[PDB]
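Chemist: One file is attached below, model29.pdb, containing PDB, N, CA, C and O atoms.
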```pdb
ATOM      1  N   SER A   1      76.354 -40.505 206.521
ATOM      2  CA  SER A   1      76.910 -40.043 207.789
ATOM      3  C   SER A   1      78.110 -39.131 207.555
ATOM      4  O   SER A   1      79.061 -39.503 206.867
ATOM      5  N   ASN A   2      78.060 -37.937 208.135
ATOM      6  CA  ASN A   2      79.144 -36.971 207.991
ATOM      7  C   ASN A   2      79.857 -36.752 209.322
ATOM      8  O   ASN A   2      79.310 -37.039 210.386
ATOM      9  N   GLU A   3      81.082 -36.238 209.253
ATOM     10  CA  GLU A   3      81.870 -35.981 210.452
ATOM     11  C   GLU A   3      81.630 -34.564 210.967
ATOM     12  O   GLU A   3      80.989 -33.750 210.302
ATOM     13  N   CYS A   4      82.150 -34.277 212.155
ATOM     14  CA  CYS A   4      81.994 -32.959 212.760
ATOM     15  C   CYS A   4      83.340 -32.248 212.873
ATOM     16  O   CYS A   4      84.386 -32.830 212.585
ATOM     17  N   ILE A   5      83.303 -30.989 213.294
ATOM     18  CA  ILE A   5      84.520 -30.200 213.447
ATOM     19  C   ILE A   5      85.398 -30.756 214.564
ATOM     20  O   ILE A   5      84.903 -31.149 215.620
ATOM     21  N   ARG A   6      86.706 -30.781 214.323
ATOM     22  CA  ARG A   6      87.653 -31.286 215.308
ATOM     23  C   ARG A   6      87.881 -30.264 216.419
ATOM     24  O   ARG A   6      87.894 -29.057 216.174
ATOM     25  N   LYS A   7      88.059 -30.755 217.640
ATOM     26  CA  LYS A   7      88.286 -29.886 218.789
ATOM     27  C   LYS A   7      89.489 -28.978 218.555
ATOM     28  O   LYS A   7      90.519 -29.416 218.043
ATOM     29  N   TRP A   8      89.352 -27.713 218.934
ATOM     30  CA  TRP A   8      90.430 -26.744 218.766
ATOM     31  C   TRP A   8      90.836 -26.629 217.301
ATOM     32  O   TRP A   8      92.014 -26.745 216.963
ATOM     33  N   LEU A   9      89.853 -26.402 216.436
ATOM     34  CA  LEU A   9      90.109 -26.272 215.005
ATOM     35  C   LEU A   9      89.654 -24.909 214.492
ATOM     36  O   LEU A   9      90.474 -24.057 214.153
ATOM     37  N   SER A  10      88.341 -24.711 214.440
ATOM     38  CA  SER A  10      87.776 -23.453 213.967
ATOM     39  C   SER A  10      86.262 -23.433 214.155
ATOM     40  O   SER A  10      85.549 -24.298 213.645
ATOM     41  N   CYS A  11      85.777 -22.438 214.892
ATOM     42  CA  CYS A  11      84.349 -22.303 215.149
ATOM     43  C   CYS A  11      83.722 -21.275 214.213
ATOM     44  O   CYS A  11      82.506 -21.255 214.018
ATOM     45  N   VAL A  12      84.561 -20.421 213.634
ATOM     46  CA  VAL A  12      84.090 -19.390 212.717
ATOM     47  C   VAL A  12      83.202 -19.986 211.630
ATOM     48  O   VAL A  12      82.275 -19.335 211.145
ATOM     49  N   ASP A  13      83.490 -21.227 211.252
ATOM     50  CA  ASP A  13      82.716 -21.911 210.224
ATOM     51  C   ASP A  13      81.268 -22.097 210.666
ATOM     52  O   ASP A  13      80.360 -21.456 210.138
ATOM     53  N   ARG A  14      81.060 -22.980 211.638
ATOM     54  CA  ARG A  14      79.723 -23.252 212.150
ATOM     55  C   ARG A  14      79.774 -23.655 213.619
ATOM     56  O   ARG A  14      80.371 -24.671 213.976
ATOM     57  N   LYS A  15      79.147 -22.851 214.471
ATOM     58  CA  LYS A  15      79.120 -23.121 215.903
ATOM     59  C   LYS A  15      78.023 -24.124 216.246
ATOM     60  O   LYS A  15      78.169 -24.927 217.168
ATOM     61  N   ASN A  16      76.924 -24.072 215.499
ATOM     62  CA  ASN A  16      75.803 -24.977 215.725
ATOM     63  C   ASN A  16      76.135 -26.386 215.242
ATOM     64  O   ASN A  16      75.432 -27.344 215.562
ATOM     65  N   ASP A  17      77.210 -26.503 214.470
ATOM     66  CA  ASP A  17      77.637 -27.794 213.944
ATOM     67  C   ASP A  17      79.079 -28.093 214.340
ATOM     68  O   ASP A  17      79.821 -28.729 213.591
ATOM     69  N   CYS A  18      79.470 -27.628 215.522
ATOM     70  CA  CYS A  18      80.824 -27.843 216.018
ATOM     71  C   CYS A  18      81.098 -29.330 216.224
ATOM     72  O   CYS A  18      81.874 -29.938 215.486
ATOM     73  N   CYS A  19      80.455 -29.911 217.231
ATOM     74  CA  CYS A  19      80.628 -31.325 217.536
ATOM     75  C   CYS A  19      79.774 -31.732 218.733
ATOM     76  O   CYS A  19      78.934 -30.963 219.200
ATOM     77  N   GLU A  20      79.997 -32.947 219.227
ATOM     78  CA  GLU A  20      79.247 -33.456 220.370
ATOM     79  C   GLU A  20      79.903 -33.035 221.682
ATOM     80  O   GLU A  20      81.006 -33.474 222.005
ATOM     81  N   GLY A  21      79.216 -32.179 222.432
ATOM     82  CA  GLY A  21      79.747 -31.712 223.700
ATOM     83  C   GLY A  21      80.697 -30.543 223.535
ATOM     84  O   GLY A  21      81.486 -30.243 224.431
ATOM     85  N   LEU A  22      80.624 -29.881 222.384
ATOM     86  CA  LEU A  22      81.486 -28.738 222.103
ATOM     87  C   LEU A  22      80.662 -27.472 221.901
ATOM     88  O   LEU A  22      79.499 -27.534 221.503
ATOM     89  N   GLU A  23      81.274 -26.323 222.173
ATOM     90  CA  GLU A  23      80.595 -25.042 222.020
ATOM     91  C   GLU A  23      81.571 -23.962 221.562
ATOM     92  O   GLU A  23      82.782 -24.088 221.738
ATOM     93  N   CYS A  24      81.033 -22.900 220.971
ATOM     94  CA  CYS A  24      81.855 -21.796 220.486
ATOM     95  C   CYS A  24      82.376 -20.954 221.647
ATOM     96  O   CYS A  24      81.662 -20.712 222.620
ATOM     97  N   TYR A  25      83.623 -20.511 221.536
ATOM     98  CA  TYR A  25      84.241 -19.699 222.577
ATOM     99  C   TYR A  25      84.389 -18.250 222.120
ATOM    100  O   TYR A  25      84.202 -17.935 220.945
ATOM    101  N   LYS A  26      84.729 -17.374 223.058
ATOM    102  CA  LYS A  26      84.907 -15.958 222.755
ATOM    103  C   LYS A  26      86.320 -15.501 223.098
ATOM    104  O   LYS A  26      86.752 -15.594 224.248
ATOM    105  N   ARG A  27      87.038 -15.006 222.095
ATOM    106  CA  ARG A  27      88.403 -14.535 222.291
ATOM    107  C   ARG A  27      88.496 -13.030 222.062
ATOM    108  O   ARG A  27      87.564 -12.410 221.546
ATOM    109  N   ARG A  28      89.627 -12.446 222.447
ATOM    110  CA  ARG A  28      89.841 -11.013 222.285
ATOM    111  C   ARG A  28      90.181 -10.675 220.837
ATOM    112  O   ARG A  28      89.403 -10.022 220.141
ATOM    113  N   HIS A  29      91.350 -11.122 220.389
ATOM    114  CA  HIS A  29      91.794 -10.867 219.023
ATOM    115  C   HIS A  29      92.024 -12.176 218.274
ATOM    116  O   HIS A  29      91.790 -12.260 217.068
ATOM    117  N   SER A  30      92.486 -13.192 218.994
ATOM    118  CA  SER A  30      92.753 -14.495 218.396
ATOM    119  C   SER A  30      91.456 -15.165 217.955
ATOM    120  O   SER A  30      90.421 -15.034 218.608
ATOM    121  N   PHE A  31      91.520 -15.885 216.839
ATOM    122  CA  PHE A  31      90.351 -16.577 216.308
ATOM    123  C   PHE A  31      89.810 -17.586 217.317
ATOM    124  O   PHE A  31      90.557 -18.404 217.850
ATOM    125  N   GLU A  32      88.507 -17.519 217.571
ATOM    126  CA  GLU A  32      87.867 -18.426 218.517
ATOM    127  C   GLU A  32      87.507 -19.748 217.843
ATOM    128  O   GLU A  32      87.229 -19.792 216.645
ATOM    129  N   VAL A  33      87.515 -20.824 218.625
ATOM    130  CA  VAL A  33      87.189 -22.146 218.106
ATOM    131  C   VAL A  33      86.331 -22.928 219.094
ATOM    132  O   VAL A  33      86.051 -22.458 220.198
ATOM    133  N   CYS A  34      85.914 -24.124 218.691
ATOM    134  CA  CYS A  34      85.087 -24.972 219.539
ATOM    135  C   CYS A  34      85.880 -25.478 220.741
ATOM    136  O   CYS A  34      87.051 -25.840 220.619
ATOM    137  N   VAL A  35      85.233 -25.500 221.903
ATOM    138  CA  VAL A  35      85.877 -25.963 223.127
ATOM    139  C   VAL A  35      84.978 -26.929 223.889
ATOM    140  O   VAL A  35      83.755 -26.923 223.746
ATOM    141  N   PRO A  36      85.595 -27.783 224.719
ATOM    142  CA  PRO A  36      84.870 -28.772 225.522
ATOM    143  C   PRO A  36      84.051 -28.127 226.636
ATOM    144  O   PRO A  36      84.585 -27.382 227.459
ATOM    145  N   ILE A  37      82.755 -28.417 226.655
ATOM    146  CA  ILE A  37      81.864 -27.866 227.669
ATOM    147  C   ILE A  37      82.088 -28.536 229.020
ATOM    148  O   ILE A  37      82.146 -29.761 229.131
ATOM    149  N   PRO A  38      82.215 -27.717 230.073
ATOM    150  CA  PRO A  38      82.432 -28.207 231.438
ATOM    151  C   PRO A  38      81.201 -28.905 232.005
ATOM    152  O   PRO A  38      80.087 -28.388 231.919
ATOM    153  N   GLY A  39      81.408 -30.083 232.585
ATOM    154  CA  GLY A  39      80.305 -30.833 233.158
ATOM    155  C   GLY A  39      79.455 -31.513 232.103
ATOM    156  O   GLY A  39      78.442 -32.137 232.419
ATOM    157  N   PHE A  40      79.868 -31.392 230.845
ATOM    158  CA  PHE A  40      79.136 -31.998 229.739
ATOM    159  C   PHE A  40      78.986 -33.502 229.945
ATOM    160  O   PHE A  40      79.873 -34.157 230.493
ATOM    161  N   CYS A  41      77.856 -34.044 229.504
ATOM    162  CA  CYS A  41      77.587 -35.471 229.640
ATOM    163  C   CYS A  41      76.582 -35.938 228.590
ATOM    164  O   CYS A  41      76.245 -35.197 227.665
ATOM    165  N   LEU A  42      76.109 -37.170 228.739
ATOM    166  CA  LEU A  42      75.143 -37.736 227.804
ATOM    167  C   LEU A  42      73.902 -38.232 228.539
ATOM    168  O   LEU A  42      73.845 -38.211 229.768
ATOM    169  N   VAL A  43      72.909 -38.681 227.777
ATOM    170  CA  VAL A  43      71.670 -39.186 228.355
ATOM    171  C   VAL A  43      71.479 -40.666 228.039
ATOM    172  O   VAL A  43      72.346 -41.301 227.439
ATOM    173  N   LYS A  44      70.338 -41.209 228.448
ATOM    174  CA  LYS A  44      70.030 -42.615 228.208
ATOM    175  C   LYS A  44      69.477 -42.819 226.801
ATOM    176  O   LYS A  44      69.106 -43.930 226.426
ATOM    177  N   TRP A  45      69.426 -41.739 226.029
ATOM    178  CA  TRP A  45      68.920 -41.801 224.662
ATOM    179  C   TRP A  45      69.951 -41.266 223.675
ATOM    180  O   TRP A  45      69.626 -40.962 222.527
ATOM    181  N   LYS A  46      71.195 -41.155 224.128
ATOM    182  CA  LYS A  46      72.275 -40.658 223.284
ATOM    183  C   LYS A  46      73.296 -41.757 223.004
ATOM    184  O   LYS A  46      73.509 -42.643 223.832
ATOM    185  N   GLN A  47      73.923 -41.692 221.834
ATOM    186  CA  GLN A  47      74.921 -42.682 221.447
ATOM    187  C   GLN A  47      76.037 -42.763 222.483
ATOM    188  O   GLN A  47      76.476 -41.745 223.021
ATOM    189  N   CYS A  48      76.493 -43.980 222.761
ATOM    190  CA  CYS A  48      77.557 -44.196 223.733
ATOM    191  C   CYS A  48      78.886 -44.469 223.034
ATOM    192  O   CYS A  48      79.954 -44.320 223.629
ATOM    193  N   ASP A  49      78.812 -44.869 221.770
ATOM    194  CA  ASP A  49      80.007 -45.162 220.988
ATOM    195  C   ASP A  49      81.008 -44.012 221.074
ATOM    196  O   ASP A  49      80.722 -42.894 220.648
ATOM    197  N   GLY A  50      82.181 -44.296 221.631
ATOM    198  CA  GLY A  50      83.205 -43.276 221.764
ATOM    199  C   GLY A  50      83.109 -42.528 223.079
ATOM    200  O   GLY A  50      84.121 -42.089 223.627
ATOM    201  N   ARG A  51      81.890 -42.378 223.586
ATOM    202  CA  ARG A  51      81.666 -41.674 224.843
ATOM    203  C   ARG A  51      81.206 -42.640 225.932
ATOM    204  O   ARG A  51      80.344 -42.308 226.744
ATOM    205  N   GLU A  52      81.789 -43.834 225.942
ATOM    206  CA  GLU A  52      81.439 -44.848 226.930
ATOM    207  C   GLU A  52      81.751 -44.361 228.342
ATOM    208  O   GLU A  52      81.249 -44.909 229.324
ATOM    209  N   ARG A  53      82.584 -43.329 228.435
ATOM    210  CA  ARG A  53      82.967 -42.770 229.726
ATOM    211  C   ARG A  53      82.697 -41.269 229.770
ATOM    212  O   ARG A  53      83.331 -40.536 230.528
ATOM    213  N   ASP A  54      81.751 -40.819 228.951
ATOM    214  CA  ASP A  54      81.397 -39.406 228.896
ATOM    215  C   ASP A  54      79.970 -39.184 229.387
ATOM    216  O   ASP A  54      79.615 -38.088 229.822
ATOM    217  N   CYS A  55      79.155 -40.231 229.313
ATOM    218  CA  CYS A  55      77.766 -40.152 229.749
ATOM    219  C   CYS A  55      77.670 -39.571 231.156
ATOM    220  O   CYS A  55      78.672 -39.450 231.861
ATOM    221  N   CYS A  56      76.456 -39.212 231.560
ATOM    222  CA  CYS A  56      76.226 -38.643 232.883
ATOM    223  C   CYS A  56      76.489 -39.678 233.973
ATOM    224  O   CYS A  56      76.846 -40.820 233.685
ATOM    225  N   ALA A  57      76.312 -39.269 235.225
ATOM    226  CA  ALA A  57      76.527 -40.161 236.358
ATOM    227  C   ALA A  57      75.416 -41.199 236.460
ATOM    228  O   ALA A  57      74.235 -40.855 236.508
ATOM    229  N   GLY A  58      75.800 -42.471 236.491
ATOM    230  CA  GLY A  58      74.822 -43.539 236.586
ATOM    231  C   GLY A  58      74.570 -44.215 235.253
ATOM    232  O   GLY A  58      74.069 -45.339 235.202
ATOM    233  N   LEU A  59      74.915 -43.528 234.169
ATOM    234  CA  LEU A  59      74.721 -44.067 232.827
ATOM    235  C   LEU A  59      75.848 -45.027 232.459
ATOM    236  O   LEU A  59      76.828 -45.159 233.191
ATOM    237  N   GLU A  60      75.703 -45.692 231.317
ATOM    238  CA  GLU A  60      76.710 -46.637 230.851
ATOM    239  C   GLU A  60      76.531 -46.936 229.365
ATOM    240  O   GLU A  60      75.440 -46.776 228.815
ATOM    241  N   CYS A  61      77.607 -47.370 228.720
ATOM    242  CA  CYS A  61      77.571 -47.689 227.298
ATOM    243  C   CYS A  61      76.697 -48.913 227.037
ATOM    244  O   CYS A  61      77.165 -50.049 227.113
ATOM    245  N   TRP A  62      75.428 -48.670 226.732
ATOM    246  CA  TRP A  62      74.488 -49.752 226.459
ATOM    247  C   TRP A  62      74.709 -50.328 225.065
ATOM    248  O   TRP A  62      74.804 -49.588 224.085
ATOM    249  N   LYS A  63      74.790 -51.651 224.982
ATOM    250  CA  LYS A  63      74.997 -52.326 223.706
ATOM    251  C   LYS A  63      73.679 -52.851 223.147
ATOM    252  O   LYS A  63      73.202 -53.912 223.550
ATOM    253  N   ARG A  64      73.097 -52.103 222.216
ATOM    254  CA  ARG A  64      71.834 -52.493 221.601
ATOM    255  C   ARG A  64      71.993 -52.668 220.093
ATOM    256  O   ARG A  64      72.447 -51.759 219.399
ATOM    257  N   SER A  65      71.618 -53.842 219.596
ATOM    258  CA  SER A  65      71.724 -54.138 218.172
ATOM    259  C   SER A  65      70.427 -54.744 217.645
ATOM    260  O   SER A  65      69.804 -55.576 218.304
ATOM    261  N   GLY A  66      70.025 -54.319 216.452
ATOM    262  CA  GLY A  66      68.804 -54.830 215.855
ATOM    263  C   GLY A  66      67.721 -53.774 215.757
ATOM    264  O   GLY A  66      66.858 -53.840 214.882
ATOM    265  N   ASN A  67      67.765 -52.798 216.658
ATOM    266  CA  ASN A  67      66.778 -51.724 216.671
ATOM    267  C   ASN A  67      67.424 -50.388 216.315
ATOM    268  O   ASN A  67      66.941 -49.665 215.443
ATOM    269  N   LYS A  68      68.518 -50.067 216.996
ATOM    270  CA  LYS A  68      69.233 -48.819 216.751
ATOM    271  C   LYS A  68      70.719 -48.975 217.057
ATOM    272  O   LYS A  68      71.185 -50.067 217.379
ATOM    273  N   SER A  69      71.458 -47.874 216.954
ATOM    274  CA  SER A  69      72.892 -47.889 217.216
ATOM    275  C   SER A  69      73.169 -48.002 218.713
ATOM    276  O   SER A  69      72.245 -48.043 219.526
ATOM    277  N   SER A  70      74.449 -48.051 219.070
ATOM    278  CA  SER A  70      74.849 -48.162 220.467
ATOM    279  C   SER A  70      74.498 -46.892 221.235
ATOM    280  O   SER A  70      74.995 -45.809 220.928
ATOM    281  N   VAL A  71      73.636 -47.034 222.238
ATOM    282  CA  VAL A  71      73.217 -45.900 223.053
ATOM    283  C   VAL A  71      73.609 -46.097 224.513
ATOM    284  O   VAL A  71      74.173 -47.128 224.882
ATOM    285  N   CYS A  72      73.306 -45.103 225.341
ATOM    286  CA  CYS A  72      73.626 -45.166 226.761
ATOM    287  C   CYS A  72      72.374 -45.445 227.589
ATOM    288  O   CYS A  72      71.259 -45.133 227.171
ATOM    289  N   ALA A  73      72.568 -46.033 228.765
ATOM    290  CA  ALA A  73      71.456 -46.351 229.651
ATOM    291  C   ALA A  73      71.869 -46.230 231.115
ATOM    292  O   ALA A  73      73.047 -46.316 231.462
ATOM    293  N   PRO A  74      70.877 -46.023 231.995
ATOM    294  CA  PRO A  74      71.113 -45.884 233.435
ATOM    295  C   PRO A  74      71.545 -47.197 234.080
ATOM    296  O   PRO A  74      71.499 -48.254 233.450
ATOM    297  N   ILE A  75      71.963 -47.122 235.339
ATOM    298  CA  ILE A  75      72.401 -48.306 236.070
ATOM    299  C   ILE A  75      71.314 -49.374 236.087
ATOM    300  O   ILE A  75      70.123 -49.067 236.017
ATOM    301  N   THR A  76      71.731 -50.634 236.181
ATOM    302  CA  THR A  76      70.794 -51.749 236.209
ATOM    303  C   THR A  76      71.130 -52.723 237.332
ATOM    304  O   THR A  76      70.257 -53.127 238.100
TER     305      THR A  76
END
```
Please, can you express the file's structure as structure tokens?

Modeler:
Amino acid sequence: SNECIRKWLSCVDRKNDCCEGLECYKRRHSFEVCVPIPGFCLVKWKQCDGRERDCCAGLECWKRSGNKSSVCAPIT
């Protein structure tokens, strides 16, 4: 398991490997970096660890052990 680029660090390296919910920005002269996407969220098949409050509307940090890592799920 490897880590991802830190927010507001440097996108020049790799934009496709910035981070979760991050995207490359466009600047005039100043070096552009990864930024938080507006309205960004998660699905019922995405990890919830760390983003227990980032998932989409209706989703929640689902605690599943034995099959896979901690993922998100819709209201119950």

Chemist: Which value, in Å to one decimal, gives the distance between atom C of residue 50 in chain A and atom C of residue 5 in chain A?

Modeler: 14.7 Å

Chemist: Selected by the PyMOL selection byres ((chain A and resi 52-59) around 8) in the shown coordinates: which residues, as a PyMOL selection string?

Modeler: chain A and resi 39-44+46-51+60-62+71-76

Chemist: Store the residues picked out above, limited to N, CA, C and O atoms, as a CSV table (one decimal), in the frame of the given file.

Modeler:
```csv
chain,number,residue,atom,x,y,z
A,39,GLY,N,81.4,-30.1,232.6
A,39,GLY,CA,80.3,-30.8,233.2
A,39,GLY,C,79.5,-31.5,232.1
A,39,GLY,O,78.4,-32.1,232.4
A,40,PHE,N,79.9,-31.4,230.8
A,40,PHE,CA,79.1,-32.0,229.7
A,40,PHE,C,79.0,-33.5,229.9
A,40,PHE,O,79.9,-34.2,230.5
A,41,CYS,N,77.9,-34.0,229.5
A,41,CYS,CA,77.6,-35.5,229.6
A,41,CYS,C,76.6,-35.9,228.6
A,41,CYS,O,76.2,-35.2,227.7
A,42,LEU,N,76.1,-37.2,228.7
A,42,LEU,CA,75.1,-37.7,227.8
A,42,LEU,C,73.9,-38.2,228.5
A,42,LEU,O,73.8,-38.2,229.8
A,43,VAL,N,72.9,-38.7,227.8
A,43,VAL,CA,71.7,-39.2,228.4
A,43,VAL,C,71.5,-40.7,228.0
A,43,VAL,O,72.3,-41.3,227.4
A,44,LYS,N,70.3,-41.2,228.4
A,44,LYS,CA,70.0,-42.6,228.2
A,44,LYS,C,69.5,-42.8,226.8
A,44,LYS,O,69.1,-43.9,226.4
A,46,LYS,N,71.2,-41.2,224.1
A,46,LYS,CA,72.3,-40.7,223.3
A,46,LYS,C,73.3,-41.8,223.0
A,46,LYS,O,73.5,-42.6,223.8
A,47,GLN,N,73.9,-41.7,221.8
A,47,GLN,CA,74.9,-42.7,221.4
A,47,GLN,C,76.0,-42.8,222.5
A,47,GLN,O,76.5,-41.7,223.0
A,48,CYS,N,76.5,-44.0,222.8
A,48,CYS,CA,77.6,-44.2,223.7
A,48,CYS,C,78.9,-44.5,223.0
A,48,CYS,O,80.0,-44.3,223.6
A,49,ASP,N,78.8,-44.9,221.8
A,49,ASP,CA,80.0,-45.2,221.0
A,49,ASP,C,81.0,-44.0,221.1
A,49,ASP,O,80.7,-42.9,220.6
A,50,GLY,N,82.2,-44.3,221.6
A,50,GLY,CA,83.2,-43.3,221.8
A,50,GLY,C,83.1,-42.5,223.1
A,50,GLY,O,84.1,-42.1,223.6
A,51,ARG,N,81.9,-42.4,223.6
A,51,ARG,CA,81.7,-41.7,224.8
A,51,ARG,C,81.2,-42.6,225.9
A,51,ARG,O,80.3,-42.3,226.7
A,60,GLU,N,75.7,-45.7,231.3
A,60,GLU,CA,76.7,-46.6,230.9
A,60,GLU,C,76.5,-46.9,229.4
A,60,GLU,O,75.4,-46.8,228.8
A,61,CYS,N,77.6,-47.4,228.7
A,61,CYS,CA,77.6,-47.7,227.3
A,61,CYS,C,76.7,-48.9,227.0
A,61,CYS,O,77.2,-50.0,227.1
A,62,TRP,N,75.4,-48.7,226.7
A,62,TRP,CA,74.5,-49.8,226.5
A,62,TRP,C,74.7,-50.3,225.1
A,62,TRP,O,74.8,-49.6,224.1
A,71,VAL,N,73.6,-47.0,222.2
A,71,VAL,CA,73.2,-45.9,223.1
A,71,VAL,C,73.6,-46.1,224.5
A,71,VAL,O,74.2,-47.1,224.9
A,72,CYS,N,73.3,-45.1,225.3
A,72,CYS,CA,73.6,-45.2,226.8
A,72,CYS,C,72.4,-45.4,227.6
A,72,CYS,O,71.3,-45.1,227.2
A,73,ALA,N,72.6,-46.0,228.8
A,73,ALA,CA,71.5,-46.4,229.7
A,73,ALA,C,71.9,-46.2,231.1
A,73,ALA,O,73.0,-46.3,231.5
A,74,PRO,N,70.9,-46.0,232.0
A,74,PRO,CA,71.1,-45.9,233.4
A,74,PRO,C,71.5,-47.2,234.1
A,74,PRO,O,71.5,-48.3,233.4
A,75,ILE,N,72.0,-47.1,235.3
A,75,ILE,CA,72.4,-48.3,236.1
A,75,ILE,C,71.3,-49.4,236.1
A,75,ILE,O,70.1,-49.1,236.0
A,76,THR,N,71.7,-50.6,236.2
A,76,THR,CA,70.8,-51.7,236.2
A,76,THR,C,71.1,-52.7,237.3
A,76,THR,O,70.3,-53.1,238.1
```

Chemist: Could you tell me how far atom N of residue 7 in chain A sits from atom O of residue 34 in chain A, in Å to one decimal place?

Modeler: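 Interatomic distance, atom O of residue 34 in chain A to atom N of residue 7 in chain A: 5.8 Å.
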
Chemist: Residues near residue 13 in chain A, anyone? I mean within 8 Å using only N, CA, C and O atoms, not counting same-chain ones fewer than 5 positions away, as a PyMOL selection string.

Modeler: chain A and resi 18+32-33

Chemist: What is the atom C of residue 45 in chain A to atom O of residue 64 in chain A distance in Å?

Modeler: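 Answer for the atom C of residue 45 in chain A to atom O of residue 64 in chain A separation: 11.6 Å.
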
Chemist: As a list in words, please: every residue in chain A that a backbone DSSP assignment puts in strand (DSSP E).

Modeler: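 The strand (DSSP E) residues within chain A come out as residues 22, 23, 24, 34, 35, 36, 59, 60, 61, 62, 71, 72, 73 and 74 of chain A.
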
Chemist: Which is closer to residue 19 in chain A than all the others in A:63, A:37, A:69, A:6, using only C-alpha atoms?

Modeler: A:6

Chemist: Which one of A:3, A:10, A:21, A:15 sits closest to residue 38 in chain A if you count all atoms listed in the file?

Modeler: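 Closest candidate: A:21.
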
Chemist: To test the calculation: enclose all listed atoms of range 36-51 of chain A in a box whose edges run along x, y and z, add 8 Å on each side, then state centre and edge lengths in Å to one decimal, as lines of an AutoDock Vina configuration file.

Modeler:
```
center_x = 77.3
center_y = -36.3
center_z = 226.9
size_x = 32.7
size_y = 33.8
size_z = 28.5
```
